[PDB]
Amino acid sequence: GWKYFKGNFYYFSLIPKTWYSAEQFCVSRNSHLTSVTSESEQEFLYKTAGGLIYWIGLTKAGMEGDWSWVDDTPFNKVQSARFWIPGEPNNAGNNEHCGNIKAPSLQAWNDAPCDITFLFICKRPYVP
């Protein structure tokens, strides 16, 4: 069920999991929760998400609680500022240290508690 898009395969899960359990699942399938590095990729993901909520690879790292990608793609605060839902990230309840795709828009991302279960998206490079 992996969907191909610009050099990567993507798995849109059918079963919801917490952020970390989702990441463990992706890792067991030789992948990671997806990073998002372009407008075209953001568009691919939110459109494929079809209005439902999916964990992606967004999580806090380091002392300052800066956002990061679990697949180790460097997180670009400038280029990503446009990808959040207006008002996000808001660290609502001071317990929102992971990120998902929530809205079908370029402004798609919400930070939510890592322990909430949602569907999730894995990303795996195509290597020939």
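Position 1 is the first residue in the sequence shown; the rest follow in order.
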Which is higher in the entry, the mean Cα B factor of 24-32 or that of 76-84?
76-84
Out of 98-106 and 85-93, which stretch has the higher average CA B-factor listed in the record?
85-93
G51 CA temperature factor, ranked by third within the chain
middle
If you rank the chain by CA B-factor, which third does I116 end up in: lowest, middle or highest?
middle
Among the modelled residues of this chain, does the Cα B factor of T59 put it in the lowest, middle or highest third?
lowest
